[PDB]
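Worksheet: the structure to be examined is printed underneath.
Here, residue 1 is the first one in the sequence, and each next residue gets the next number. Side-chain atoms are counted along with the backbone in the values below, which use heavy atoms only and exclude waters and symmetry mates.
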Amino acid sequence: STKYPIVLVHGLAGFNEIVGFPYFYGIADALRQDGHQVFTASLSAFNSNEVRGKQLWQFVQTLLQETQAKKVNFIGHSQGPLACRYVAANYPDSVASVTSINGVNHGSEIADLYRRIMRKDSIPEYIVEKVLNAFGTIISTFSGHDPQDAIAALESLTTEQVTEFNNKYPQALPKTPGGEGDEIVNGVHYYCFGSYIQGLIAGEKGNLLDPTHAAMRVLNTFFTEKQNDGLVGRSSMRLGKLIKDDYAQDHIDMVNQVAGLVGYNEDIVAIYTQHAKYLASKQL
Ligand SMILES: [Ca+2]
Ligand SMILES: [Ca+2]
């Protein structure tokens, strides 16, 4: 139904193999039921945004050859949107749209803290343990069974590193903190979705059986930005035209994880399928 194929983009190349199901849980399946052509680009987590960007460009080149489409519609999460922005900035004629879903568009405060912990920069022990136990719980839930090894993925998501990325690829970033960027830059459409953790944990419905959610709530308390999804602050997610960012969902919830266990009986998959129809309505 969309003119151009949809490319789902995320970091963690080994996710599907190690976890046993897709990063975007049930989302590609749902989009294909609505007649969209869908592909997933799983990029290398333990490296720079620019390296993921180059990875994604190679993926897109091969895909465009195989489809004879002239452009792609990117839908990225977390690391994904930065790689998408790299490709859009550098190869705008090959990108119809960039949609950012809880993208780390201006850095992650927990990544910042993680680096301070790793550098032993005067972080009190009780905070060190809370942060490391949270990440361990998240990793173990997905993998099945160390938490300091996660810095490999967060290294490229610090405020300092993303600020440097934004300096090189400023397209569609908001001019004011917590605002919106230009919808169309260099012929490419930019959209953003977001969320932040809300309410007391008792009312989270499906998430009560998801061990990652309590961990995200722990990480959430260490942000100076009070509205955050446990990994990124609400304002940091902003890119291009806002669609909606007040979902009561953590970072992991917004890709329908773990295995469909989300907050408040929200239909996360519907966020994606409705947006795909929205892209189609914009002649994309
Ligand atoms: Ca970078
Ligand atoms: Ca969840």
Side-chain angles (χ1 to χ4, degrees), residues 1-10 22-41 56 59-60 63-64 66-78 80-103 105 169 171-175 178-196 229 234 237-249 253-256 260 262 264-284:
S1 188
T2 56
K3 191 179 190 293
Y4 303 113
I6 298 168
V7 180
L8 301 171
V9 189
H10 67 95
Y23 180 104
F24 288 96
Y25 194 80
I27 289 157
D29 290 341
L31 287 171
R32 289 191 186 105
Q33 289 181 252
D34 291 337
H36 306 290
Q37 207 186 39
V38 189
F39 305 90
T40 304
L56 187 56
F59 180 97
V60 169
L63 183 59
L64 293 174
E66 210 59 68
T67 55
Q68 290 297 296
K70 297 176 188 177
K71 306 184 180 186
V72 300
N73 289 307
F74 286 130
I75 297 178
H77 178 262
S78 199
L82 285 75
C84 298
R85 287 167 52 195
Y86 172 98
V87 175
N90 289 131
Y91 314 102
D93 296 341
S94 300
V95 190
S97 69
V98 175
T99 298
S100 179
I101 303 172
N102 294 237
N105 289 307
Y169 312 104
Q171 293 83 354
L173 295 168
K175 285 188 175 189
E180 302 185 46
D182 295 334
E183 190 187 342
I184 308 174
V185 183
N186 264 292
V188 183
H189 291 235
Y190 292 81
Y191 304 107
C192 62
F193 291 83
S195 69
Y196 58 102
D229 70 6
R234 189 187 183 183
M237 298 171 194
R238 291 294 179 92
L239 180 74
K241 178 177 166 63
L242 168 68
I243 306 303
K244 178 171 176 77
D245 69 349
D246 62 1
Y247 291 105
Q249 304 298 329
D253 287 329
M254 291 297 292
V255 289
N256 202 29
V262 297
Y264 306 105
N265 293 319
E266 182 74 71
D267 191 345
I268 300 303
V269 170
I271 301 170
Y272 291 79
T273 58
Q274 289 294 96
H275 187 65
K277 288 174 178 180
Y278 175 85
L279 294 171
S281 73
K282 291 279 164 170
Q283 298 161 309
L284 307 170

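Remark: side-chain polar atoms of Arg238 are paired, donor with acceptor, to backbone N or O of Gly178 under 3.5 angstrom. Proximity of a side-chain donor or acceptor of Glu183 to a complementary backbone N or O of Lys241 within less than 3.5 Å is not detected. For the pair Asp182 (side chain) and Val185 (backbone), a donor-acceptor distance under 3.5 Å is absent.
Rounded to the nearest 0.5 Å, atoms OG (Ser78) and NE2 (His10) are 10.5 Å apart. To the nearest 0.5 Å, the span separating NZ on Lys282 from CG on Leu279 amounts to 10.0 Å. Here the CG-CG distance, from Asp245 to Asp229, works out to 11.0 Å after rounding to the nearest 0.5 Å. Rounding to the nearest 0.5 Å gives a distance of 13.5 Å between OH of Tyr169 and SG of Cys84. Taken to the nearest 0.5 Å, the CD atom of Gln283 stands 13.0 Å off from the OG1 atom of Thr2. The line from CG of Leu8 to NE2 of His77 is 11.5 Å long, rounded to the nearest 0.5 Å.
Between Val72 and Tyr4, every side-chain heavy-atom pair lies at or beyond the 4.5 Å cut-off. Residues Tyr272 and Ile101 have side chains in contact (heavy-atom distance under 4.5 Å, counting atoms from C-beta outward). Contact annotation: the side chain of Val95 never approaches that of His189 to less than 4.5 Å [non-hydrogen atoms, C-beta and beyond]. No side-chain heavy atom of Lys244 sits less than 4.5 Å from a side-chain heavy atom of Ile271.
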task: Mind running side chain to side chain donor-acceptor pair (under 3.5 Å) on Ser97 and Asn73 for me, showing each step along the way?
output: CA-CA 5 Å; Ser97 69; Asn73 289 307; 2.7 Å; yes
Derivation of the side chain to side chain donor-acceptor pair (under 3.5 Å) call for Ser100 and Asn105: CA-CA 9 Å; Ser100 179; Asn105 289 307; 3.0 Å; yes
Criterion side chain to side chain contact (heavy atoms under 4.5 Å, CB included) on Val188 and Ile184, from CA distance to verdict: CA-CA 5 Å; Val188 183; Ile184 308 174; over 6 Å; no
- request: Evaluate the side chain to side chain contact (heavy atoms under 4.5 Å, CB included) criterion for residues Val269 and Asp267: first the C-alpha distance (whole Å), next the side-chain angles of each, then the deciding distance (0.1 Å), finally the verdict.
  value: CA-CA 6 Å; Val269 170; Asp267 191 345; 3.8 Å; yes
message: Under the criterion ring pair (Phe, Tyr, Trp, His ring centres under 6.0 Å), I'd like the reasoning laid out for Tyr191 against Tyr278: C-alpha separation, chi angles, the key distance, then a yes or no.
response: CA-CA 11 Å; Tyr191 304 107; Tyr278 175 85; 5.4 Å; yes
message: Under the criterion side chain to side chain contact (heavy atoms under 4.5 Å, CB included), I'd like the reasoning laid out for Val38 against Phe24: C-alpha separation, chi angles, the key distance, then a yes or no.
response: CA-CA 12 Å; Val38 189; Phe24 288 96; over 6 Å; no
Derivation and outcome, side chain to side chain donor-acceptor pair (under 3.5 Å), residues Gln249 and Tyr196: CA-CA 6 Å; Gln249 304 298 329; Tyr196 58 102; over 6 Å; no
task: Could you walk me through whether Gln37 and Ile6 pass side chain to side chain contact (heavy atoms under 4.5 Å, CB included), step by step?
output: CA-CA 6 Å; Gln37 207 186 39; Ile6 298 168; over 6 Å; no
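Open room surrounds NZ on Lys277; 12 or fewer heavy atoms of other groups in view lie less than 6.0 Å from it.
Considering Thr40, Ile75, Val60, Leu56 in turn, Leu56 is the only one that fulfils the side-chain contact (heavy atoms from CB on, under 4.5 Å) rule with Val9.
In this structure, a donor-acceptor pair under 3.5 Å is present between the side chains of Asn102 and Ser195. In this model, a donor atom of one side chain and an acceptor atom of the other lie less than 3.5 Å apart for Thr99 and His275.
Nearest heavy atom pair, residue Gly103 against residue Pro81, reads CA-CG, 3.7 Å.
In summary, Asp34 and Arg32 do not engage in a salt bridge, as defined by a charged side-chain N under 4.0 Å from a carboxylate O. A salt bridge does not link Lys71 with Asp93: every distance from a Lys NZ or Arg NE/NH1/NH2 to an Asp or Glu carboxylate oxygen is 4.0 Å or more.
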